[PDB]
Amino acid sequence: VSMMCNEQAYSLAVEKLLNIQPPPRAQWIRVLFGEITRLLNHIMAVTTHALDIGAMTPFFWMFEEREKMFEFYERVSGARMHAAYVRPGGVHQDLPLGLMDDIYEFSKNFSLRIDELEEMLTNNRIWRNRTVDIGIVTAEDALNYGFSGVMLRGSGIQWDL
Amino acid sequence: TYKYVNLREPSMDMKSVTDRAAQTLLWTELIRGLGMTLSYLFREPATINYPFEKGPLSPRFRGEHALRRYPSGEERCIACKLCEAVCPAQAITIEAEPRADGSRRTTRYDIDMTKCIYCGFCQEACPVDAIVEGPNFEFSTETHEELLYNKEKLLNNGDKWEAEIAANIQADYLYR
Amino acid sequence: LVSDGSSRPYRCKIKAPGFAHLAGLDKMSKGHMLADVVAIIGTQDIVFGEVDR
Amino acid sequence: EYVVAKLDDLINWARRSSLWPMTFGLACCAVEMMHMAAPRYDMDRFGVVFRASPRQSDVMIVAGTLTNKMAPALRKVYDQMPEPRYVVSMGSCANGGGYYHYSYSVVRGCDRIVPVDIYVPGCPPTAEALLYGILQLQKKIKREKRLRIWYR
Amino acid sequence: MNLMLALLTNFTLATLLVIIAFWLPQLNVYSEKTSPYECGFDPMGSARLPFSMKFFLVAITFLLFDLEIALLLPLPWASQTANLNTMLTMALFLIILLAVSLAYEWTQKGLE
Amino acid sequence: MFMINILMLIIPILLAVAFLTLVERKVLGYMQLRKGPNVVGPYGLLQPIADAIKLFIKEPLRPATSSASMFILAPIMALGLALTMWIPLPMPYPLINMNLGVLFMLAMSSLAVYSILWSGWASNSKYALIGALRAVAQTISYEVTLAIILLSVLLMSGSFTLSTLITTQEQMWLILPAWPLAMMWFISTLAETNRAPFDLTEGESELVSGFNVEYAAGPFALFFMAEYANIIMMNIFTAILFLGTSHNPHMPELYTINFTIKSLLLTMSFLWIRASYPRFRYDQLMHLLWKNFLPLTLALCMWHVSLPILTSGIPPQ
Amino acid sequence: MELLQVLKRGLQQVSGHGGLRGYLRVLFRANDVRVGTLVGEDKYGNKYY
């Protein structure tokens, strides 16, 4: 489900070997995508989790909204999910005339959609009863196991790369 | 920096316990919570009615293959052997021969439609601008013996439209 | 990513989660029910093919 | 006659009015099927309800990628399905295996295990060329069981 | 005399539709591979049914709470009566006699 | 023409369980922002007559490692008591005038769990062997949550017949003087008849619903069928008990019109709950019966004993 | 009083589009029943609205 988050850690691992930095516009594209796949990997982890538990709608309530955002891959790279876009020298090609009147219309109206899950799940009682004090691994055996982030910092140790 | 979430004690006085004991016992949550947030059914449903309506796409879309040709025909390919050297999946299979007129062309040209991983690496390696990922997802044949493509499928499949393709490339060659 | 010096690379070892996040389930699961176990796994956000690390 | 061959204008219509798909979501073509159950190109209520149990399903949909360690667990599940069963493979890895066609640990094609009806090509097919895939499967049902007992 | 022909209709319509599904349209003499399959979506279960203590006490506890609701059952018939100080103070006894049987067992239930 | 009345009640209700499966998903669809069955109907309305014939064509296998006389006897007792319970029920006139028939509901609602104990045993192993044993265990515990607060209104009704249950509510709509009992009346039938928040019978991610898990669409076609016959019958039983309508002898036509409109509304709630709430994780399911549901039910029981006495308001019988 | 406040628009929309025959002829393929605003020209008789 991470599309541009992978190839961000391959291109950056080959630029080091080449002694080449990417140019300045090629860095503010990678962040606008590398921080828009973090609104896709976190839609899935908070919905399919809550479908295994058994809540039906926030799966459907978010994927109906999610299809406004697989639109944005197609307009820039060419394709639906797996885009071969990032290269070891920056972005392949330029994004079309647009996408700044269409990300802006989108991203000014996403904080209401995330204001629905707060009322579905957080102050809900049954889901709080399904999830409190469950799977408490918190020790320095929760770092001896070599964990990366969350299931770290969500339990104690503040650190991220 | 920081932010602390779910780090707050209850008030634990005489007033706000009745505010919480009205919650557990007489359900001021769970009806105001989700007897109202759900219904909210009164929006218009967003369903693409598929055999008639179809969904939006973009002029750089990837799909069925094609081989263009010039104004009055020349079979734009020149068998220069690059679209086969950067297929990552080794789908293309070209075998040229000096054609009798003197200009070199293909004899056999084979694209599997199953090993085709749909890069866009054939589309951009070509110097003479021939092989183009054409914008039609119409597929779904019933035999594995069929999805192997020859040369003389692709031309037929590449001259069923060129009003479709040449409207796309003229819009998008200015970036690449 | 060990590179030898020519166009084709040498070994390319991937590190991904699922090695850490799922070796530490056997510690995490003991004591609780069976219907707690399906509640555990969703929070690690396990995506397979990435356990191909 | 006109009496018997009229009856397969109902049974071969009842068999194509509600398919119940099992799916094998294994790899990336799982997610691009889940958007079809998402209400944009809404899969259900165009005839075909979604995922069920292996005892009750008509038409299974293979996706993803079949390795060696899933090859017996497929064929076992294919056995339990009833007599009017159909197999659709989506994805370009259940057609001859995408890439990983040349690596050691892949069953090279998924037709080598089961007989599969409609092949749908594309790394992930866009849930748009999959409704066109199943609307090819309903057009396949023009067969009759009448004029078989009534001919021979 | 219809009570008793109010249900023997309902059961002979019930057993009708099951044999026109289990029998008739069925008879699977063709290939019908009944091999080692059909094992309820699994394999061979060489273990038998093991005892589970926390799922036995749920059976007995219900049975002893089920009896004295039948003592408690003729309370609406115990309304149109004679002497009613007796009728009230005895009706309150059984409920408390049911309530104490909670509180003793309530100090040890287990993961039920 | 008594025999023509019985068939006039079994047949028009098999449509109302077949035309509920269609409204099962249209109502559950507009909550997801999507249309109903769009293409086959025209509006959907012809879906279940096509979706019924497919089941009786598709091959009804029996499992090889199964028993014989038990596996094909539980669907006999499934539709038996699912349809026999519709008899003593006034609308406005019942088919049968039982002297005491409110108790006969529990005489019919008790034996339904004795088929689940069969079918979980009769076929096969662990996905319905132990996985159905803990489905009998939840359904037995919600009678003592049920039978008490069913008795807790009869101290105010007066007797056991159902004609008095419409007479006593000519001016009240009795949900008001007993609204704490009316809450736990709902959740009991929401969990006894094996529905969406307290599930493990049908099965979400539990016994992968191992109480059906094995029936191919021959015998399976009733289980679902029969089961959907309980859920519109506790709704027709709640609305004759709490939310009672008005009866006029000169006009019995206007009874049923104002009556079937009400049982349909409560039937919507079993659909409207499922699209909100997650499951209960079998411990917390039974952890709230004893500890939490039950001691209040005795508390109001002792309340409804004394209050007809210390009001001097004894109901007449 | 929205039972006639907005049905008045739908009365000309439902009924007066092709009479009695032209309405149910498009209803039997799907619930695509709304008459579109504009027309296409191409090609055969299939006016892509």
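Labels for the chains are A, B, C, D, E, F and G, by order of writing; each one numbers its residues from 1.
Everything that follows uses one rule, which is that a residue touches a chain if its C-beta (ideal position, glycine included) is under 8 Å from a C-beta of that chain, and two chains touch if they have at least 3 such contacts.
Chains and their UniProt names: B = NADH dehydrogenase [ubiquinone] iron-sulfur protein 8, mitochondrial; D = NADH dehydrogenase [ubiquinone] iron-sulfur protein 7, mitochondrial; E = NADH-ubiquinone oxidoreductase chain 3; F = NADH-ubiquinone oxidoreductase chain 1.
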Under the document's definition of touching, what chains do chain B and chain G have as common neighbours?
F
Per the definition at the top, count C-beta pairs in contact and tell me whether A-B or B-F has more.
A-B
Taking each chain's centre as its mean C-alpha position, how far apart are chain A and chain C in Å?
18
Dist(centroid_CA(chain D), centroid_CA(chain G)) in Å evaluates to 36
Chain D and chain E: spacing of chain centres that average the CA atoms, whole Å:
42
Residues of chain B that touch at least two other chains are 34, 38, 45-47, 49, 51, 118
Residues touching two or more other chains, restricted to chain E: which are they?
37-38, 41, 111
Multi-partner residues of chain F (at least 2 other chains):
29, 31-35, 38-39, 57, 59, 61, 205, 208, 213-214, 275-277, 281, 283
Complex contact set, residues of chain D against chain E:
54-55, 76, 79-80
Chain C to chain F touching residues, read off their complex:
33, 35-36, 38-39
Residues of chain E touching chain D in the complex:
33, 37-38, 41
Show which residues of chain F lie in contact with chain B when the two form their complex.
29-31, 33-35, 38, 272, 275-277
Chain B - residues contacting chain G, complex
49, 51-53
